[PDB]
Amino acid sequence: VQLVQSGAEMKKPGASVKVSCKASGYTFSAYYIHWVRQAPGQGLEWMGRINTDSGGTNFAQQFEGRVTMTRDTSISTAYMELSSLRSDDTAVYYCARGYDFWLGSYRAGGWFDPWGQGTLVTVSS
Amino acid sequence: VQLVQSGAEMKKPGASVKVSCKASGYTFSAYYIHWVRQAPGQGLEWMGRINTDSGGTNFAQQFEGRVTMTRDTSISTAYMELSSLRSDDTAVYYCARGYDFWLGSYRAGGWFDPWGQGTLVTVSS
Amino acid sequence: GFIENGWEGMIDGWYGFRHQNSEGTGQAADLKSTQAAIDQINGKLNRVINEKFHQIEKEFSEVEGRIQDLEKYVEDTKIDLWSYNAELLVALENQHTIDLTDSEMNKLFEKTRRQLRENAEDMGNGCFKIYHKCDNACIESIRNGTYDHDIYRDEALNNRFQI
Amino acid sequence: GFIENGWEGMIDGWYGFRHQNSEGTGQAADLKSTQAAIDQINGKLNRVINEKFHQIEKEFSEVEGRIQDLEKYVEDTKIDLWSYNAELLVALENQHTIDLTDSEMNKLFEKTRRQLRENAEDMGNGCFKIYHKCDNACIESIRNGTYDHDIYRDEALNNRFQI
Amino acid sequence: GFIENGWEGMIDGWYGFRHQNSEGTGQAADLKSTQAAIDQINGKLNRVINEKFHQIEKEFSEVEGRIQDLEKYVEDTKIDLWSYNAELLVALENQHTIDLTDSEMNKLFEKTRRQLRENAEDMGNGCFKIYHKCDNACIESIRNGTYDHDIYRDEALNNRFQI
Amino acid sequence: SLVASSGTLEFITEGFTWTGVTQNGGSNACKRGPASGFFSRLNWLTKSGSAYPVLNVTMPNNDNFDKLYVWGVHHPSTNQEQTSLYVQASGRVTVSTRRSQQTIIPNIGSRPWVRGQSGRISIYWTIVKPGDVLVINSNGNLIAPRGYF
Amino acid sequence: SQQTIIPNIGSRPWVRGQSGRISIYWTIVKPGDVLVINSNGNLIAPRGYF
């Protein structure tokens, strides 16, 4: 069970970035994929999650209108598209599989495992 | 599962009539056999039932002393014998299998199925 | 096993329910268990149901000796081995059929018992005693799998324990 | 299962009861299940216990060649196949016998549990805790199947729940 | 079948537990049942996993007739019988493996149920509801077989029946 | 195997006519008491005088069961013995039915000394079905059958 | 391979007017092989091959 991502991107401000996350070792369409962002020197910041079966997505109420998440079940890869880039958007972007803790008929918490290697996106002129 | 009866009999008053009911398609000795009378232009009238295993019989307190019911498990046929025929005894005689509704350790209700085709018995001089 | 006999009034299924309440008695069949039974039976039947063109002579018109005896011996060996195989196969598969059917019945009983929770108590003959008013919709809910035990729990507990 | 060890003090049956009450302890056997298990075992034995008169030669004194190796091959193949069949048959039969005996024991336990109803509560080791005064006639009634639970229910529930 | 889905997150055993309480959720595996299943499966594997030196010729370059046809027939019979034997053996062993694994899961469920006694009630999804405060030491006690039910019985009965 | 599955050593003698030959031949290797005997169910034909005529005998199947004729061909040790018992230099035995035939040409040579004799007798069998017929034609070297099993 | 048959003279049973017999033999010639038939007498020759 592992998650492999793309490489670094030196995008310019006012552009768009797409980061890929390929799943190997498990059924891609059976678990959620979460995107976490870590600014250089600061802590992790949850961006959103995507359902790999029905295509549903749930963002945070800070990235609405700037992040669109898509999936590709044929090649088992989930994409994150981030628009209206800014200088503060430079960070390491992580893709993580979310495991829900199902206690029979109800779910209670969970964790993120595995995590991808992270892609460093830099925004500069 | 069917019950086939005898033919029409034009017996004279002050005599006896024997009506047969042959059972084909089910175990004859496992279900009660009931005899129902329908006069022309009137409703159905229960006459009695015969236990096909122990030979036990149970009539109504209106045919006592006039109806005898016998069984023949070898040929699977139930016989109803009615004596002292009178003018009011002209009717259509049916044989119906009684299905008791068993809810485990006790019985509660049931129905009559299947029925015979009926024999028209006429008493006239 | 605890069920005594079968019901000959049931012709629309293999397993089912019978009930009595204030509004009367009734019968209904469970499709999920009957369908599972027939699915297993057919899946087993399809595995039970060779192409040989030129073979040795199996019946002879003369008395020859060594070779003819060898051919007869080979044929008898093959026939006896395949007859044993057929007998063992049918015996084992009939056994497994009988146990799978009884297991389906037991599964249905256990699922109904688990649904009823503390609202009913088993009577030992394959029947439950519901300790509350259970009308036709109540029995329907028990049968289709949408029975809520918390809306009858207080009355069932009052009837069950305190007299 | 939950029943750990067999009782070597039982020489009058296969499955039985042990009890303790105010008047002491006791042992008894249940013949209905012992006879059922015995009947199944004898029936499975009767299916296990051919008349061939003239066959091929199986031991030779000269070295000849093609024919002799053919007959040796036929006989060796037959012996190997029948050895495999015997091994498989005895293994399957022994597994089934063990399973059926355990099933009979569990059946006796479940029948007793359904008999006791809310009057007794399972302790996990094959033993029941009857929550009322159960004299020797009481134990007898539980054993032969004539235990009326509605006449001990009040005291059993009083002792079971309220301390 | 009353347990719907498996757990891909428990990789330290075959059968285990999952719990929720005031101090959070957790997961632990059962060594005794996993070990029992593995030992049975390996014992079955070892029984499945002949020394022939000189046999008849099986490939022919000339057309001869009676003897060559007898040799071909004998070999074809042997291969067909052994192929059928292999298929039957693998089907039987796979069926037994699946049945025994399900039985082990049911055994663990029944053992936990008999541990809990009147202090818990099954929810029907293959997994329990406990009617008293049960910390991680409590779950540990249930898991390792040292769960004392009498010290929680009073509050469990109060919570179960009296609302 | 054939005789073992038959289950009966039942012999019925038939009236075979052998003209021009001496019958009931024997050898010192088969002493039946103090004399020189032979097999009971086989007949050793030998030249009579100084001529061994070509034998042509027939015996049909007027019964309703199979017969088994056991006959033989004598292989002499030397050519001198062959001419001293059989006139001809090279014998021949053919025994045929309406669907099968067996023709044996005898072999002359010194086999190992057994029981006083360096020659051999080769034993052959013929089976006659109902409605068939056995014809025995021999220019020499014939151990005739006395009947059938 | 070779097959050499010596004819043998004798009075066989009368069938269809004939007291003699014909013995039928067969030879299979593989690709690249040659068939040679040498007969001093008593030969029922083949007219071809099957």
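Calculation criteria
- Residues numbered from 1 in each chain as written, not as in the entry; some residues may be left out.
- Chains lettered and ligands numbered in written order.
- Part of a larger assembly, values for the part shown.
- Heavy atoms only, no water.
- Least-squares fit on C-alpha atoms.
- Helix = DSSP H or I, 4+ residues; strand = E, 2+ residues; numbered from the N terminus.
- Buried < 20%, exposed > 50% of the residue type's maximum accessible area, 1.4 Å probe, protein only.
- Polar contact = N/O pair within 3.5 Å; in protein donor to acceptor, adjacent residues only side chain to side chain.
- Contact = heavy atoms within 4.5 Å.
- Pairing = 2+ DSSP bridges.
- Axes fitted to C-alpha atoms, helices over the stretch in contact; angles between N-to-C directions.
- Buried area = accessible area lost by both parts, 1.4 Å probe.
- Salt bridge = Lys/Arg side-chain N within 4 Å of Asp/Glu carboxyl O.
- Arc of directions from axis to C-beta.
- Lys, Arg positive; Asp, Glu negative; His and termini not counted.
- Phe/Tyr/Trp six-rings, centres within 6.5 Å; stacked < 30°, edge-to-face > 60°.
- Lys NZ or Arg CZ within 6 Å of the ring centre and 35° of its normal.

Structure determination for this entry, per the PDB record, employed cryo-EM and reached 2.6 Å resolution.

A. The relation of the copies chain C and chain D, seen in detail. Once turned by 120 degrees and shifted 0.0 Å along the axis, chain C lies on chain D with an RMSD of 0.2 Å. Such a combination of turn and shift is consistent with a three-fold rotation axis. For chain C, the smallest separation between a C-alpha atom and the rotation axis is recorded for C:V74, amounting to 4.2 Å.

B. How the structure looks around the side chain of D:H149. Structurally, the position occupied by D:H149 is in the loop between α3 (136-144) and α4 (153-160). D:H149 sits in the buried class, given a relative accessible area of 11%. For D:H149, the side chain forms a polar contact with the side chain of D:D150, separated by 2.7 Å. If we ignore the near neighbours within four places in the chain, the residues touching D:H149 are C:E121, D:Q115, D:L116, D:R117 and D:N119.

C. Looking closely at the sheet that holds strand β1 (residues 2-5) of chain A. Residues and elements named next belong to chain A. In space, the four strands of this open sheet follow the order β1-β3-β8-β7, with antiparallel pairing throughout. Two strands bound the open sheet, and with one partner strand each, they are β1 and β7 (67-72). Averaged over all pairs of adjacent strands, the angle between strand axes in this sheet comes to 20 degrees, irrespective of strand direction. Sheet topology places strand β3 (residues 17-24) next to strand β8 (residues 77-82); six bridges connect them, and they run antiparallel. By the bridge assignment, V19 is partnered in β8 with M80.

D. Broad picture of the interface of chain C and chain D. At the junction of the two partners, chain C supplies 25 residues and chain D supplies 29 residues. Summed over both partners, the interface of chain C with chain D comes to about 2,400 Å²; 60% of that surface belongs to carbon and sulfur atoms. When the buried area of chain C at its contact with chain D is split by residue, C:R66, C:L70 and C:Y73 rank highest and sum to 28% of it. Linking chain C with chain D are seven salt bridges, by the criterion used here.

E. View of helix α4 (residues 153-160) of chain C. For α4(C), the set of buried residues is C:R153, C:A156, C:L157 and C:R160. Mapping the buried residues of α4(C) onto a view down its axis gives an arc of 95 degrees, with all of them on the same face. At its buried positions, α4(C) is contacted by β3 (120-122) of chain C, α4 of chain D together with β3 (120-122) and α4 (153-160) of chain E.

F. Spotlight on the side chain of B:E81. Residue and element names in this part refer to chain B. Residue placement: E81 occurs in strand β7 (residues 77-82). For the buried residue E81, which engages in no salt bridge, the nearest side chain bearing the opposite charge is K18, 5.6 Å off. A polar atom in the side chain of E81 sits 3.1 Å from the backbone nitrogen of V17. Apart from the residues within four sequence positions on either side, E81 is in contact with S16, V17, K18, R66, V67 and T68.

G. The packing of aromatic side chains, seen in detail. Throughout the structure, instances matching the rule amount to 35 aromatic pairs over all chains. Between A:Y99 and A:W111, the ring centres sit 4.7 Å apart and the planes meet at 25 degrees, which makes this aromatic pair stacked. You can see A:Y99 sitting in strand β9 (residues 91-103) and its partner A:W111 sitting in strand β10 (residues 106-115), a full twelve residues away along the chain. The exposure class of A:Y99 is buried, given its relative accessible area of 7%. On the basis of an interplanar angle of 25 degrees and a centroid distance of 5.1 Å, the ring pair of F:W71 and F:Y124 is categorised as stacked. Highlighted residues: F:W71 in strand β6 (residues 67-75) and F:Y124 in strand β9 (residues 120-128), separated in sequence by 53 residues. Of the residues examined, F:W71 reaches a relative accessible area of 1% and is grouped as buried. In this structure F:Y124 comes out as partly exposed when scored by relative accessible area, which is 23%. The ring of A:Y31 carries the charged tip of A:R97 above its face, separated from the ring centre by 4.5 Å. Above the face of the C:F2 ring, D:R114 is positioned so that its terminal group lies 4.0 Å from the ring centre.

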